[PDB]
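Enquirer: What follows is a single structure, and I will ask about it in a moment.
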Amino acid sequence: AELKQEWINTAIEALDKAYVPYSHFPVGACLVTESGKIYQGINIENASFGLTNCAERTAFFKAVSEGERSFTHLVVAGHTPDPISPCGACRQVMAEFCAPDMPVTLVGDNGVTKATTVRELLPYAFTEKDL
Amino acid sequence: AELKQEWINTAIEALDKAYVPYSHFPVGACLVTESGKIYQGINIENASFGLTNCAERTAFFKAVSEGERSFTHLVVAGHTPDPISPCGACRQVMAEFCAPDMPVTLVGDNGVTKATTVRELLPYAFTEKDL
Amino acid sequence: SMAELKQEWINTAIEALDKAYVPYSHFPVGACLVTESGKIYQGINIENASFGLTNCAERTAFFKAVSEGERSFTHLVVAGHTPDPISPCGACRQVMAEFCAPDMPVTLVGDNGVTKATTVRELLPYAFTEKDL
Amino acid sequence: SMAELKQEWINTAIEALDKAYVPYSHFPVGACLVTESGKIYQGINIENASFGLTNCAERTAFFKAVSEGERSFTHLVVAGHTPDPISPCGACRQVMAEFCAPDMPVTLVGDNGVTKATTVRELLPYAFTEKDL
Ligand SMILES: [Zn+2]
Ligand SMILES: [Zn+2]
Ligand SMILES: [Zn+2]
Ligand SMILES: [Zn+2]
């Protein structure tokens, strides 16, 4: 799968921009469209923890608000010894908007990475089929 | 894996008790503790859709509020032609409280079932390790 | 008396502080939701390693009650280890508006016996409802 | 004038109604969040097949703005296709309290030009804050 350095940079650079005054645990994201346009995400906490929003979802909400519907890659980065794991809530938003086989790159500290896909992160994904 | 009919019944019976005035899409859950005690869950919607709570999480919140910390099975049921899929948010709550290999049974209409586990529904799960 | 019952509901909400699952914030919140039939449901906040999946004590109480078929609520008590009475967050206030009458009383509790009397409508003015869906 | 700028923010929030991702409720909500520097951020509600993962228009606007480093907000407009001015839900009100001054004005819009003037404090009285964490 294609992986551009600007996408890695976008997700890592977001770590310094996250709004995490309660966890001090920043997460950054780079969501790529078919046209090559990049959307950066950060996690954004709330004094009521349950209203916290993840970096991956921030990037999707940005892109989707600008009318983007065709996504080709997602990079997620953390200050973690192994590649950062997206939480299950984010995996469900990725399934809403991405193809099962759309590539995902997970990044940690000191250059560690893990290559995966939407389907491998959320197998047997719930969809709108039966609503 | 052990599977008792009362657990299937508990999840299916919950379908008639769900609070789903907006989707009319009921989901039911049966969460089993080590002691054999059963906790039933229903999905519970809100006029602001984002405040909706899933049946699986309702069962965990019930059990955890009573001090339960040892879970041995989860059944989830829907009025669906294939076994109901837990959403990614629920999968993340299951990972908070359950062993990776704890069995999960998914049920649909006309007796269709799917046997899986917490780890298979949420691979490479995010944990508190690096907070 | 209504004041004596309210003291027992306050005690239930305060006991919930010891039951909370808050390994990340270490900030417990307790709730006591009271039904028309006299049954009480105790709530705790329940955190998740992914903070956004945390559930508040008030919502835990409502989800417990609603899962048992309760639809008629008469009082809600919320307690924290706070110098002033604890404030319910906006998300909880929206779940209260889903299930409770606007004039339902809510009692907020802090440390050393401090309390504040309010209602669902006072906590969430001009509340969003299902009317236009 | 402040009233003329507010009309343009209202227009931005109303245009967002056409941009919303609401394939389940078919109930669009639009937002226009205004910064101290004059920059605006448009929000839409964005639903999910699992309803609980839906994000409101107001929060979409805040998450867009905060991700670009914005921390100083001067106005928020929220619009719906509603006969009375649309009400922000409690969850959105709590995110507004995280980032906005209590006296920040909020303009609520409905169909046929109906508006309601309020503030963050009026929408979320006795707001929960970080003070005790
Ligand atoms: Zn996440
Ligand atoms: Zn779920
Ligand atoms: Zn709350
Ligand atoms: Zn909202």
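Chain labels A, B, ... are given in the sequence in which chains occur in the structure tokens; within each chain residues are numbered consecutively from 1, and ligands are likewise numbered from 1 in the order shown.
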Hey, which bits of chain D sit within 12 Å of ligand 2, and for each residue what's the closest pair of atoms and how far apart in Å (one decimal), counting only C-alpha atoms and all ligand atoms, rows by chain and increasing number, as a Markdown table?

Expert:
| residue | atom | partner | partner_atom_place_in_ligand_line | distance |
| --- | --- | --- | --- | --- |
| D:48 | CA | ligand 2 | 1 (Zn) | 11.1 |
| D:49 | CA | ligand 2 | 1 (Zn) | 10.0 |
| D:50 | CA | ligand 2 | 1 (Zn) | 6.5 |
| D:51 | CA | ligand 2 | 1 (Zn) | 8.7 |
| D:52 | CA | ligand 2 | 1 (Zn) | 7.6 |
| D:53 | CA | ligand 2 | 1 (Zn) | 9.0 |

Enquirer: List as a list in words the protein and nucleic acid residues lying within 8 Å of ligand 3, with only C-alpha atoms and all ligand atoms counted.

Expert: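 Counting only what the definition allows, namely only C-alpha atoms and all ligand atoms, the set is residues 48 and 50 of chain A; 55, 56, 57, 58, 59, 88, 89, 90, 91, 92 and 93 of chain C.
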
Enquirer: Using N, CA and C atoms, can you export the residues from the last selection as an mmCIF file, in the first residue's frame?

Expert:
data_model
loop_
_atom_site.group_PDB
_atom_site.id
_atom_site.type_symbol
_atom_site.label_atom_id
_atom_site.label_comp_id
_atom_site.auth_asym_id
_atom_site.auth_seq_id
_atom_site.Cartn_x
_atom_site.Cartn_y
_atom_site.Cartn_z
ATOM 1 N N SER A 48 -16.199 16.496 31.268
ATOM 2 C CA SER A 48 -16.978 15.259 31.306
ATOM 3 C C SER A 48 -16.367 14.323 30.274
ATOM 4 N N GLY A 50 -16.789 11.549 28.949
ATOM 5 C CA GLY A 50 -17.557 10.875 27.914
ATOM 6 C C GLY A 50 -17.865 11.727 26.703
ATOM 7 N N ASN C 55 -19.293 6.480 30.856
ATOM 8 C CA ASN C 55 -20.701 6.727 31.152
ATOM 9 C C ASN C 55 -20.862 7.310 32.545
ATOM 10 N N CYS C 56 -21.667 8.360 32.651
ATOM 11 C CA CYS C 56 -21.892 9.066 33.906
ATOM 12 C C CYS C 56 -22.816 8.293 34.834
ATOM 13 N N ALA C 57 -22.765 8.676 36.115
ATOM 14 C CA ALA C 57 -23.583 8.030 37.132
ATOM 15 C C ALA C 57 -25.067 8.228 36.871
ATOM 16 N N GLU C 58 -25.462 9.443 36.488
ATOM 17 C CA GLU C 58 -26.872 9.710 36.222
ATOM 18 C C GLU C 58 -27.387 8.825 35.098
ATOM 19 N N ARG C 59 -26.627 8.737 34.007
ATOM 20 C CA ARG C 59 -27.053 7.898 32.896
ATOM 21 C C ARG C 59 -27.031 6.421 33.274
ATOM 22 N N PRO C 88 -24.451 18.045 37.295
ATOM 23 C CA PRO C 88 -24.588 17.086 36.187
ATOM 24 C C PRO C 88 -24.096 17.696 34.882
ATOM 25 N N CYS C 89 -23.403 16.886 34.077
ATOM 26 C CA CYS C 89 -22.957 17.367 32.777
ATOM 27 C C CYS C 89 -24.134 17.464 31.804
ATOM 28 N N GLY C 90 -23.904 18.179 30.701
ATOM 29 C CA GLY C 90 -24.979 18.415 29.751
ATOM 30 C C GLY C 90 -25.542 17.144 29.137
ATOM 31 N N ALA C 91 -24.690 16.138 28.913
ATOM 32 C CA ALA C 91 -25.171 14.880 28.348
ATOM 33 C C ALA C 91 -26.183 14.219 29.269
ATOM 34 N N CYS C 92 -25.895 14.207 30.569
ATOM 35 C CA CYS C 92 -26.828 13.634 31.530
ATOM 36 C C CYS C 92 -28.110 14.433 31.571
ATOM 37 N N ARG C 93 -27.999 15.756 31.510
ATOM 38 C CA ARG C 93 -29.196 16.588 31.523
ATOM 39 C C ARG C 93 -30.110 16.268 30.349
#

Enquirer: Give the residue list for ligand 1 at 6 Å, counting only C-alpha atoms and all ligand atoms, as a PyMOL selection string, sorted by chain and then by residue number.

Expert: chain A and resi 54+86-87+89-90

Enquirer: Separation of CA of residue 117 (chain A) and CA of residue 46 (chain A), in Å?

Expert: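 Computing the Euclidean distance for CA of residue 117 (chain A) and CA of residue 46 (chain A) yields 29.3 Å.
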
Enquirer: Could you list the residues in chain A lying within 6 Å of chain C, using only C-alpha atoms, and format the result as a PyMOL selection string?

Expert: chain A and resi 49-52

Enquirer: Can I get the residues of chain C within 12 Å of chain D, each with the closest pair of atoms and their distance in Å to one decimal, using only C-alpha atoms, sorted chain first then ascending number, as JSON lines?

Expert:
{"residue": "C:22", "atom": "CA", "partner": "D:133", "partner_atom": "CA", "distance": 11.8}
{"residue": "C:24", "atom": "CA", "partner": "D:133", "partner_atom": "CA", "distance": 10.9}
{"residue": "C:25", "atom": "CA", "partner": "D:133", "partner_atom": "CA", "distance": 7.2}
{"residue": "C:26", "atom": "CA", "partner": "D:133", "partner_atom": "CA", "distance": 8.1}
{"residue": "C:27", "atom": "CA", "partner": "D:133", "partner_atom": "CA", "distance": 6.5}
{"residue": "C:28", "atom": "CA", "partner": "D:133", "partner_atom": "CA", "distance": 10.0}
{"residue": "C:29", "atom": "CA", "partner": "D:133", "partner_atom": "CA", "distance": 11.6}
{"residue": "C:52", "atom": "CA", "partner": "D:53", "partner_atom": "CA", "distance": 10.2}
{"residue": "C:53", "atom": "CA", "partner": "D:53", "partner_atom": "CA", "distance": 10.0}
{"residue": "C:80", "atom": "CA", "partner": "D:132", "partner_atom": "CA", "distance": 9.8}
{"residue": "C:81", "atom": "CA", "partner": "D:132", "partner_atom": "CA", "distance": 8.6}
{"residue": "C:82", "atom": "CA", "partner": "D:132", "partner_atom": "CA", "distance": 6.6}
{"residue": "C:83", "atom": "CA", "partner": "D:132", "partner_atom": "CA", "distance": 8.3}
{"residue": "C:84", "atom": "CA", "partner": "D:132", "partner_atom": "CA", "distance": 9.6}
{"residue": "C:85", "atom": "CA", "partner": "D:126", "partner_atom": "CA", "distance": 9.9}
{"residue": "C:86", "atom": "CA", "partner": "D:128", "partner_atom": "CA", "distance": 7.7}
{"residue": "C:87", "atom": "CA", "partner": "D:128", "partner_atom": "CA", "distance": 5.0}
{"residue": "C:88", "atom": "CA", "partner": "D:128", "partner_atom": "CA", "distance": 6.5}
{"residue": "C:89", "atom": "CA", "partner": "D:128", "partner_atom": "CA", "distance": 5.7}
{"residue": "C:90", "atom": "CA", "partner": "D:90", "partner_atom": "CA", "distance": 4.0}
{"residue": "C:91", "atom": "CA", "partner": "D:91", "partner_atom": "CA", "distance": 4.2}
{"residue": "C:92", "atom": "CA", "partner": "D:90", "partner_atom": "CA", "distance": 7.4}
{"residue": "C:93", "atom": "CA", "partner": "D:90", "partner_atom": "CA", "distance": 6.0}
{"residue": "C:94", "atom": "CA", "partner": "D:90", "partner_atom": "CA", "distance": 4.9}
{"residue": "C:95", "atom": "CA", "partner": "D:90", "partner_atom": "CA", "distance": 8.4}
{"residue": "C:96", "atom": "CA", "partner": "D:90", "partner_atom": "CA", "distance": 9.9}
{"residue": "C:97", "atom": "CA", "partner": "D:90", "partner_atom": "CA", "distance": 9.3}
{"residue": "C:98", "atom": "CA", "partner": "D:89", "partner_atom": "CA", "distance": 11.0}
{"residue": "C:108", "atom": "CA", "partner": "D:126", "partner_atom": "CA", "distance": 10.9}
{"residue": "C:110", "atom": "CA", "partner": "D:132", "partner_atom": "CA", "distance": 11.2}
{"residue": "C:111", "atom": "CA", "partner": "D:132", "partner_atom": "CA", "distance": 11.9}
{"residue": "C:116", "atom": "CA", "partner": "D:126", "partner_atom": "CA", "distance": 10.5}
{"residue": "C:117", "atom": "CA", "partner": "D:126", "partner_atom": "CA", "distance": 11.8}
{"residue": "C:118", "atom": "CA", "partner": "D:126", "partner_atom": "CA", "distance": 10.2}
{"residue": "C:119", "atom": "CA", "partner": "D:125", "partner_atom": "CA", "distance": 11.4}
{"residue": "C:120", "atom": "CA", "partner": "D:125", "partner_atom": "CA", "distance": 11.2}
{"residue": "C:121", "atom": "CA", "partner": "D:125", "partner_atom": "CA", "distance": 10.4}
{"residue": "C:122", "atom": "CA", "partner": "D:125", "partner_atom": "CA", "distance": 7.5}
{"residue": "C:123", "atom": "CA", "partner": "D:125", "partner_atom": "CA", "distance": 6.0}
{"residue": "C:124", "atom": "CA", "partner": "D:124", "partner_atom": "CA", "distance": 6.2}
{"residue": "C:125", "atom": "CA", "partner": "D:123", "partner_atom": "CA", "distance": 6.0}
{"residue": "C:126", "atom": "CA", "partner": "D:87", "partner_atom": "CA", "distance": 6.6}
{"residue": "C:127", "atom": "CA", "partner": "D:87", "partner_atom": "CA", "distance": 6.3}
{"residue": "C:128", "atom": "CA", "partner": "D:87", "partner_atom": "CA", "distance": 5.0}
{"residue": "C:129", "atom": "CA", "partner": "D:87", "partner_atom": "CA", "distance": 8.4}
{"residue": "C:130", "atom": "CA", "partner": "D:27", "partner_atom": "CA", "distance": 10.8}
{"residue": "C:131", "atom": "CA", "partner": "D:82", "partner_atom": "CA", "distance": 9.5}
{"residue": "C:132", "atom": "CA", "partner": "D:82", "partner_atom": "CA", "distance": 6.6}
{"residue": "C:133", "atom": "CA", "partner": "D:27", "partner_atom": "CA", "distance": 6.5}

Enquirer: Write a file of the just-selected residues containing C-alpha atoms, as a short mmCIF file (atom, residue, chain, number, x, y, z; two decimals), in the first residue's frame.

Expert:
data_model
loop_
_atom_site.label_atom_id
_atom_site.label_comp_id
_atom_site.auth_asym_id
_atom_site.auth_seq_id
_atom_site.Cartn_x
_atom_site.Cartn_y
_atom_site.Cartn_z
CA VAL C 22 -13.02 5.68 37.77
CA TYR C 24 -8.55 7.21 35.05
CA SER C 25 -10.01 10.38 36.57
CA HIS C 26 -10.27 9.15 40.17
CA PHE C 27 -13.31 11.45 40.32
CA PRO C 28 -16.33 9.41 41.48
CA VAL C 29 -19.93 10.45 40.99
CA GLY C 52 -15.18 9.14 25.15
CA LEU C 53 -16.84 5.83 26.08
CA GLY C 80 -19.76 14.09 44.27
CA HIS C 81 -16.72 14.63 46.48
CA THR C 82 -16.91 18.32 45.66
CA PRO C 83 -16.84 21.44 47.87
CA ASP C 84 -20.04 22.70 46.23
CA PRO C 85 -22.93 20.45 45.13
CA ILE C 86 -21.90 18.42 42.09
CA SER C 87 -23.11 19.61 38.65
CA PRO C 88 -24.59 17.09 36.19
CA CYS C 89 -22.96 17.37 32.78
CA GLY C 90 -24.98 18.41 29.75
CA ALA C 91 -25.17 14.88 28.35
CA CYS C 92 -26.83 13.63 31.53
CA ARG C 93 -29.20 16.59 31.52
CA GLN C 94 -30.35 15.55 28.04
CA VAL C 95 -31.07 12.00 29.17
CA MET C 96 -33.00 13.42 32.12
CA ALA C 97 -35.08 15.46 29.68
CA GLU C 98 -35.83 12.31 27.64
CA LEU C 108 -27.31 17.93 43.98
CA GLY C 110 -21.33 17.76 47.64
CA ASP C 111 -19.01 17.08 50.55
CA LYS C 116 -28.64 22.36 45.96
CA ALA C 117 -32.28 21.97 44.93
CA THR C 118 -33.11 22.29 41.25
CA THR C 119 -35.28 20.69 38.53
CA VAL C 120 -34.84 19.13 35.09
CA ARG C 121 -36.09 22.31 33.40
CA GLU C 122 -33.76 24.52 35.44
CA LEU C 123 -30.73 22.40 34.48
CA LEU C 124 -31.66 22.24 30.76
CA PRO C 125 -33.71 25.28 29.72
CA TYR C 126 -35.40 25.25 26.31
CA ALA C 127 -34.69 21.52 26.11
CA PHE C 128 -34.45 19.71 22.79
CA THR C 129 -37.19 17.08 22.42
CA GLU C 130 -38.46 14.61 19.84
CA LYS C 131 -41.23 16.98 18.66
CA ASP C 132 -39.74 17.83 15.25
CA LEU C 133 -38.25 14.47 14.26
#

Enquirer: Out of region 8-98 of chain D, which residues get strand (DSSP E or B) from DSSP, as number ranges by chain?

Expert: D: 21, 29-35, 40-44, 46, 55, 73-80

Enquirer: Go through chain B and flag each residue having an atom no more than 12 Å from chain A; for those, report the closest pair of atoms plus their distance in Å to one decimal, using only C-alpha atoms, ordered by chain and rising number, as a tab-separated table.

Expert:
residue	atom	partner	partner_atom	distance
B:20	CA	A:131	CA	11.5
B:22	CA	A:131	CA	10.6
B:23	CA	A:131	CA	7.0
B:24	CA	A:131	CA	8.0
B:25	CA	A:131	CA	6.2
B:26	CA	A:131	CA	9.8
B:27	CA	A:131	CA	11.5
B:50	CA	A:51	CA	10.2
B:51	CA	A:51	CA	10.0
B:78	CA	A:130	CA	9.8
B:79	CA	A:130	CA	8.5
B:80	CA	A:130	CA	6.5
B:81	CA	A:130	CA	8.2
B:82	CA	A:130	CA	9.7
B:83	CA	A:124	CA	9.8
B:84	CA	A:126	CA	7.7
B:85	CA	A:126	CA	5.0
B:86	CA	A:126	CA	6.4
B:87	CA	A:126	CA	5.7
B:88	CA	A:88	CA	4.1
B:89	CA	A:89	CA	4.3
B:90	CA	A:88	CA	7.4
B:91	CA	A:88	CA	6.1
B:92	CA	A:88	CA	5.0
B:93	CA	A:88	CA	8.5
B:94	CA	A:88	CA	10.0
B:95	CA	A:88	CA	9.4
B:96	CA	A:87	CA	11.1
B:106	CA	A:124	CA	10.9
B:108	CA	A:130	CA	11.2
B:109	CA	A:130	CA	11.7
B:114	CA	A:124	CA	10.4
B:115	CA	A:124	CA	11.8
B:116	CA	A:124	CA	10.3
B:117	CA	A:123	CA	11.6
B:118	CA	A:123	CA	11.4
B:119	CA	A:123	CA	10.6
B:120	CA	A:123	CA	7.6
B:121	CA	A:123	CA	6.1
B:122	CA	A:122	CA	6.4
B:123	CA	A:121	CA	6.1
B:124	CA	A:85	CA	6.6
B:125	CA	A:85	CA	6.4
B:126	CA	A:85	CA	5.0
B:127	CA	A:85	CA	8.3
B:128	CA	A:25	CA	10.5
B:129	CA	A:80	CA	9.2
B:130	CA	A:80	CA	6.5
B:131	CA	A:25	CA	6.2

Enquirer: Do a neighbour search on region 5-10 of chain B at 12 Å with only C-alpha atoms, toss out local chain neighbours closer than 2 positions, and write the hits as a ChimeraX atom specification.

Expert: /B:2-3,12-17,27-33,36-42,55,59,72-78,104-109,111-113

Enquirer: I need the residues of region 20-94 of chain C that end up classed as alpha helix (DSSP H) by DSSP on the backbone, written out as a ChimeraX atom specification.

Expert: /C:57-67,90-94

Enquirer: Only C-alpha atoms, please: the residues just picked out, written as a PDB file, in the first residue's frame.

Expert:
ATOM      1  CA  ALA C  57     -23.583   8.030  37.132  1.00  0.00           C
ATOM      2  CA  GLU C  58     -26.872   9.710  36.222  1.00  0.00           C
ATOM      3  CA  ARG C  59     -27.053   7.898  32.896  1.00  0.00           C
ATOM      4  CA  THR C  60     -26.071   4.587  34.505  1.00  0.00           C
ATOM      5  CA  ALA C  61     -29.075   5.021  36.826  1.00  0.00           C
ATOM      6  CA  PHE C  62     -31.447   5.845  33.965  1.00  0.00           C
ATOM      7  CA  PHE C  63     -30.204   2.941  31.862  1.00  0.00           C
ATOM      8  CA  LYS C  64     -30.675   0.545  34.790  1.00  0.00           C
ATOM      9  CA  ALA C  65     -34.194   1.848  35.444  1.00  0.00           C
ATOM     10  CA  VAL C  66     -35.335   2.061  31.836  1.00  0.00           C
ATOM     11  CA  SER C  67     -34.057  -1.486  31.176  1.00  0.00           C
ATOM     12  CA  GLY C  90     -24.979  18.415  29.751  1.00  0.00           C
ATOM     13  CA  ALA C  91     -25.171  14.880  28.348  1.00  0.00           C
ATOM     14  CA  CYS C  92     -26.828  13.634  31.530  1.00  0.00           C
ATOM     15  CA  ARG C  93     -29.196  16.588  31.523  1.00  0.00           C
ATOM     16  CA  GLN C  94     -30.345  15.551  28.037  1.00  0.00           C
TER      17      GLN C  94
END

Enquirer: As an exercise, work out the distance from CA of residue 37 (chain D) to CA of residue 107 (chain D) in Å and give it to one decimal place.

Expert: 18.8 Å

Enquirer: So that I can check the surroundings of residue 31 (chain C), please list as an MDAnalysis selection string every protein, DNA and RNA residue that reaches within 6 Å of it, counting only C-alpha atoms and ignoring chain neighbours fewer than 2 positions away.

Expert: chainID C and resid 13 42:43 57:58 77:78

Enquirer: Next, the residues of the selection above should be written as a PDB file, in the first residue's frame with N, CA and C atoms.

Expert:
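Generated file (result.pdb):
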ATOM      1  N   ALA C  13     -26.970   7.936  47.047  1.00  0.00           N
ATOM      2  CA  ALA C  13     -26.070   8.533  46.066  1.00  0.00           C
ATOM      3  C   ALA C  13     -24.659   8.664  46.624  1.00  0.00           C
ATOM      4  N   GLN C  42     -29.558   2.934  41.754  1.00  0.00           N
ATOM      5  CA  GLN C  42     -28.286   3.572  42.053  1.00  0.00           C
ATOM      6  C   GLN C  42     -27.411   3.607  40.807  1.00  0.00           C
ATOM      7  N   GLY C  43     -26.789   4.752  40.547  1.00  0.00           N
ATOM      8  CA  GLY C  43     -25.868   4.885  39.436  1.00  0.00           C
ATOM      9  C   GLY C  43     -24.464   5.228  39.895  1.00  0.00           C
ATOM     10  N   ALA C  57     -22.765   8.676  36.115  1.00  0.00           N
ATOM     11  CA  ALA C  57     -23.583   8.030  37.132  1.00  0.00           C
ATOM     12  C   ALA C  57     -25.067   8.228  36.871  1.00  0.00           C
ATOM     13  N   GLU C  58     -25.462   9.443  36.488  1.00  0.00           N
ATOM     14  CA  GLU C  58     -26.872   9.710  36.222  1.00  0.00           C
ATOM     15  C   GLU C  58     -27.387   8.825  35.098  1.00  0.00           C
ATOM     16  N   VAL C  77     -31.121  12.259  42.657  1.00  0.00           N
ATOM     17  CA  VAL C  77     -30.038  12.789  43.479  1.00  0.00           C
ATOM     18  C   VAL C  77     -28.715  12.469  42.802  1.00  0.00           C
ATOM     19  N   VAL C  78     -27.815  13.452  42.754  1.00  0.00           N
ATOM     20  CA  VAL C  78     -26.461  13.267  42.226  1.00  0.00           C
ATOM     21  C   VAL C  78     -25.479  13.764  43.281  1.00  0.00           C
TER      22      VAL C  78
END

Enquirer: To one decimal place in Å, what is the distance between CA of residue 73 (chain C) and CA of residue 56 (chain B)?

Expert: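 A separation of 23.8 Å between them.
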